[PDB]
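Single chain ahead, written as structure tokens, the form deposited in one PDB entry.
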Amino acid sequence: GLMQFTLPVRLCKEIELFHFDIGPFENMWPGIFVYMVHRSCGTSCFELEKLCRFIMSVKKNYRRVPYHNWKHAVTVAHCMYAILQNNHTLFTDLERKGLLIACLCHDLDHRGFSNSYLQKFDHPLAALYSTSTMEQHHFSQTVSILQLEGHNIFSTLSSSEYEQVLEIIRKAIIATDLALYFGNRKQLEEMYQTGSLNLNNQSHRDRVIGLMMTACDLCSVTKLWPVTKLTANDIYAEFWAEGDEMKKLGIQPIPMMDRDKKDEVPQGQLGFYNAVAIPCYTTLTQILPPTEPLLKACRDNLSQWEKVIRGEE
């Protein structure tokens, strides 16, 4: 119980910043996550025996794909940490517990293909789950691992506290479905502007946790430019594998997934920053002022992509 996780000095300082990169040493990532749980939640929130067993089973259930991998899990959870640490007083003990676990679990057993490719392939998961296919699957894998002997990190919570946290994790994981993000943010936009946004209203909290989940999930666009640029190669490697698979089903994929159309990537990233990322970090900064460093980093990276187009890189 008097066993604190610590980090080397550079990490101990940088981990507190939104643009922290967790590094290329896979074996440090579990202790990075536990470090974050201990400061966000307490040394008490979890039995360390069960937490570590849980962390290693989650690691095991992420596949070896270019982007939707164990590194993405820990990276999304570190963004959620930065958010929770800059908005201390706005979140319950249960939400702090649940959200770091939702982030680590949010892409469990991802194969690197979109909901669309699952529906066109006619994958069984697409008969089981007609919308948010992968995300209902990621939530299912999360419950599965929570139910393995010695893996129930929530065992100490009341029957009703247990139901509440599992409901936070489910809504948090479904929200990562980017097809749901647009309406969710448009609603937060109106609510904030017309003045009816209210964090005592649970349905409004749900929406705000959803937008945070989208923000953490897209956090590649909020890093230092060389991290953003190198992550985008991993992202596109999956996109082009999916477009190849489309071509194999006899469907011309969208250009963004066509490896014959790499020339259009910089313009495709502009759309993405303008249609998705900038609006996401804007509404987040309005609802949660301390998260502004994410909007600023996102704007800096749009300008780096504009520079790529203008052939200055």
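Only residues modelled in both forms are compared. In this text, residue numbers run from 1 along the sequence as written. Whichever C-alpha set is largest while still superposing within 1.5 Å between the two forms counts as the rigid core.
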- Query: Going by the B-factors listed in the PDB entry, is the mean over the C-alpha atoms higher for 62 to 70 or for 33 to 41?
  - Reply: 33 to 41
- Mean temperature factor over C-alpha atoms, higher-scoring stretch between 73 to 81 and 145 to 153: 145 to 153
- Comparing C-alpha B-factors across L199, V221, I101, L230 in this entry, the winner is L199
- Item | Top residue by Cα temperature factor, when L90, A175, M212, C105 are compared in the entry | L90
- Item | Chain-wide C-alpha B factor ranking for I168, given as lowest, middle or highest third | middle
- Thinking about Cα B factors across the chain, which third does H19 belong to? lowest
- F46: CA B-factor among chain residues, third -> highest
- Task: Relative to the other modelled residues of the same chain, rank the CA B-factor of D206 and answer lowest, middle or highest third.
- Result: middle
- Task: Could you tell me which third, lowest, middle or highest, the C-alpha B-factor of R299 occupies within its chain?
- Result: lowest
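Just so it is clear, the following notes concern the form deposited in another entry, a form of the same protein that is not shown.
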- Select from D244, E26, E47, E264 the only position whose Cα moves 2 Å or more between the shown form and the other one when the core is aligned. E26
- Classify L7 as shifted (yes) or not shifted (no) between the shown form and the other one, where shifted means its C-alpha moves by 2 Å or more with the rigid core superposed. yes
- Give the consecutive runs of 3+ residues, present in both forms, in which every C-alpha shifts by 2 Å or more between the shown form and the other one after rigid core superposition. 1 to 10, 23 to 27
